[PDB]
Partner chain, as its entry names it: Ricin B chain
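So this first bit is one chain, no partners, the form deposited without the partner chain, shown in structure tokens.
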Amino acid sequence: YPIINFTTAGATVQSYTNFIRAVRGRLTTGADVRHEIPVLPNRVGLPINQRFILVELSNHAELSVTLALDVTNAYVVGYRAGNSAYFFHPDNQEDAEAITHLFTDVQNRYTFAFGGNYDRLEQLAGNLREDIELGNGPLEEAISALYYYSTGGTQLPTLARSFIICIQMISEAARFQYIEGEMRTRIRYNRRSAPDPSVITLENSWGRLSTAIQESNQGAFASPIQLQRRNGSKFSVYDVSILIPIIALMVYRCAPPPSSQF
């Protein structure tokens, strides 16, 4: 599977930008674009040899871990650190079989009894996303935390917190130029801060936005989607147009209707 590298060591807006751009480049194929927004490969009919991509993360502490991302949703399904690999609890038998194709040479394979969704991870971390700082510092720390898990150096709450950090700074950033921008800003000013409502609501609405855009009538949503601004106030989305600078890719929801141009 394709590998994209990134290190928090001496990270800059440009190096992070290159990283996210490369990740998106391995996620979408260009075969499916709707209203100018790329769609991820459809799970249905997708060959296993094209199912995952790997993100090799390194940090200033000279530690490295490899995250595995599912190309169908850009989400993290597991990771490898040294001679051990850990996978989030699969949703079904097909996915359980699919992950056996990852880190096949690792000496110790483990599947967590818990899933990688935020609800579950927040419960295990003992903190909500709104209370977990993001930025290059948090990522640097998260990489070390993931690395030290197999030896008992990392407690479960810290592990979960670290997953929450990685997922948002990699998966959500790949999904939304807006979130990529949020991380770029944190890097530019070496600031670590929790995601505000605009970030949280986008993360929570990615699936719905993907469906709304794909089911839209020439871009017009059948029903509006409510997002939130930085101050928590409502922002109504009625059309795909307002999302062009915001969402970078979508999960496949339905087949694109015929061109049907006038």
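Numbering follows the first chain given and starts at 1.
Not pictured, yet referred to below: the form solved in complex with the partner chain.
Open item on the list: I'd like to check something about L54: if you look in the entry with it bound, is any of its heavy atoms closer than or equal to 4.5 Å to a heavy atom of the partner chain?
Closed with: Flag for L54 set to no.
Task: Heavy atom of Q218 within 4.5 Å of the partner chain in the entry with it bound - done: The answer is yes: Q218 has a heavy atom within 4.5 Å of the partner chain.
Open item on the list: Just checking whether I3 would be counted as a contact of the partner chain in the entry with it bound - the rule being heavy atoms within 4.5 angstroms.
Closed with: Judged by the heavy-atom cut-off of 4.5 Å, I3 is well away from the partner chain in the entry with it bound.
Open item on the list: I'd like to check something about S236: if you look in the entry with it bound, is any of its heavy atoms closer than or equal to 4.5 Å to a heavy atom of the partner chain?
Closed with: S236: contacts the partner chain in the entry with it bound.
Task: Sequence-ordered list of residues in 219-234 near the partner chain in the entry with it bound, where near means a heavy atom within 4.5 Å - done: Result: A220, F221, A222, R229, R230.
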